Ligand SMILES: O=[N+]([O-])c1ccc(O[C@@H]2O[C@H](CO)[C@@H](O[C@@H]3O[C@H](CO)[C@@H](O[C@@H]4O[C@H](CO)[C@@H](O)[C@H](O)[C@H]4O)[C@H](O)[C@H]3O)[C@H](O)[C@H]2O)cc1
Ligand SMILES: [Mg+2]
Ligand SMILES: [Mg+2]
């Protein structure tokens with residue numbers, strides 16, 4: 005289709021996240037904060053498939069969404085994240101991941117995608133929006149000095165193209181991850197990013213199902229900054245809107261008229277980072293701008309909550325195999341559990357600090 009893929013759809017509410025929120029609310033003693041916590045389970049989030057053992061769960065969500073659709077007659081849209089490349093998260097320790105290129109990682113990744121595809125095939129009547137491999141391509145632009153990233157370059161591109169070709173053949177709408185304003189928004193990185201995204205789009209066959217890009221995944225940038233965050237100094241693109249408005253024309257000239265979705269899940273509190281490159285469980289974050297199709301620009305299909313607030317970005321335990329020093333910074337919330345696991349203290353702050361505030 006030509007238009008906004010989200011238009012006219014009810015957004016399927018993650019049962020995984022609802023259950024986490026339900027249990028989290030139960031542990032909050034403040035009745036006001038408890039009631040606000042419970043509102044969060046009604047806010048649409050993206051469902052991450054960060055491990056291949058989760059692929060059968062996609063079938064379960066799509067069956068559930070299909071049943072809701074058939075019961076109510078209201079079209080359902082399921083939001084998912086493809087996040088399992090071999091040598092994943094190559095500039096960091098926190099979200100390492102289960103596949104290694106040293107151990108048949110590439111083939112195992114294709115199989116992971118194939119399993120995702122086999123579930124989608126069983127439930128063709130539900131629309132799916134997928135974010136493709138957060139951080140992957142952003143690392144390819146910026147971190148070829150990092151041995152793991154340099155070694156992963158061919159596999160990242162191959163893997164992302166495979167996923168895109170396989171999902172596009174199933175009518176899945178993809179948004180390829182594109183870092184954020186403080187990553188690829190820098191003039192050092194814009195043009196090279198535009199070139200890379202255009203290349204992936206091309207090699208993936210230029211399917212109309214490849215709708216565009218996703219920004220600010222698991223990050224904290226403002227969409228449109230009322231006051232400039234001191235941490236953004238030197239970068240003219242100091243919010244996601246500016247980043248996108250600088251990127252979109254470049255990418256267009258490079259052969260792709262791309263549309264955008266923006267994570268605002270943990271963007272409610274600005275001015276909370278000592279450095280812009282600090283990403284791990286940043287202290288005092290709040291739930292941000294709610295998912296909506298009323299965006300400030302025609303390039304932007306939707307504001308979304310891609311990273312589900314409350315799930316950790318990485319362990320702060322200096323003894324743990326996945327310990328990354330970003331997770332030990334003075335402006336990280338500590339002690340933090342393993343990436344992807346529930347982080348109660350952190351969730352409690354997101355609710356309390358939410359902007360706009362959550363209602364009862
Ligand atoms: O003015 N100049 O002249 C000039 C010259 C060169 C410049 O270089 C740029 O400097 C930037 C910092 O300003 C760097 O941005 C940081 O890069 C990190 C990766 O190394 C990212 O971390 C990821 O974050 C993800 C969540 O978003 C995590 O999920 C993931 O695990 C984690 O790895 C940070 O967000 C991101 O902010 C750029 O790479 C770098 O190219 C900049 C300016
Ligand atoms: Mg500058
Ligand atoms: Mg992460």
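Residue numbers (this note's numbering): 5 to 364.
We treat Cβ as the ideally placed atom computed from N, Cα and C, and that holds for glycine.
Check	Outcome
Proximity test, residue 343 beta-carbon vs ligand 3 heavy atom, cut-off 7 Å	yes
Per-residue burial, residue 298 [other beta carbons within 10 Å of its own, 16 or more giving buried]	exposed
Residue 315 - partner residues in DSSP beta bridges	346
Residue 311 versus 224, 362 and 296, residue with shortest Cα-Cα distance	224
Reference residue 138, options 100, 115 and 124, closest by Cα	100
Which listed residue (116, 31, 121 and 47) has its alpha carbon closest to that of residue 66	121
Reduced DSSP category for residue 248 - H, G, I as helix; E, B as strand; rest coil	helix
Near ligand 2: residue 239 beta-carbon under 7 Å from a heavy atom	yes
Cβ distance (whole Å) where residue 37 is taken to contact residue 356 below 8 Å	6 Å
Simplified DSSP state of residue 322, which is helix, strand or coil	coil
Exposed unless 16 or more other CB atoms sit within 10 angstroms - verdict on residue 90	buried
Environment of residue 253 [buried if 16+ CB atoms lie within 10 Å]	exposed
Euclidean distance between Cα positions of residue 219 and residue 10	17 Å
Meets three-Cβ-pair contact criterion under 8 Å: the segment 236-256 and the segment 339-354	no
8 Å Cβ cutoff met for residue 264 and residue 304	yes
The segment 233-245 touching the segment 180-189, judged by at least three CB pairs closer than 8 Å	yes
Touch test, the segment 96-112 against the segment 45-53, Cβ-Cβ under 8 Å, three pairs minimum	no
8 Å Cβ shell around residue 272 - same chain, five flanking residues per side excluded	289, 290, 291, 292, 293, 354, 357, 358, 359 and 360
Length-filtered (4 minimum) alpha helix (DSSP H) runs lying within the segment 47-119	59-76
Cβ pair count under 8 Å reaching 3, the segment 193-200 against the segment 233-240	no
8 Å contact criterion, which residue 241 and residue 281 should meet: CB distance rounded	Contact flag wrong, Cβ pair sits at about 15 Å.
Beta-carbon spacing of residue 86, residue 134 below 8 Å	yes
Residue 191: CB within 7 Å of a non-hydrogen atom of ligand 2	yes
Identity of the residues DSSP links to residue 216 by a beta bridge	179 and 263
Reference residue 267; option with closest CA among 275, 226 and 279	226
Residue 155 beta carbon near ligand 1 (any heavy atom closer than 7 Å)	no
Bridge-paired residues (DSSP) for residue 336	286
Residue 140 Cβ short of 7 Å to ligand 3 heavy atom set	no
Which residues DSSP lists as bridging residue 296, in chain order	307
Residue 96 Cβ short of 7 Å to ligand 4 heavy atom set	Absence of ligand 4 from the depicted structure is noted, with ligand 1, ligand 2 and ligand 3 being the only ligands included.
Proximity test, residue 222 beta-carbon vs ligand 3 heavy atom, cut-off 7 Å	yes
Whole-angstrom distance between residue 209 and residue 258, CA atom to CA atom	15 Å
Nonlocal neighbours in the same chain, by C-beta distance under 8 Å from residue 232, ignoring five residues either side	242
Three-state secondary structure assigned by DSSP to residue 229	coil
CA nearest to the CA of residue 132, picked from 39, 152, 14 and 110	14
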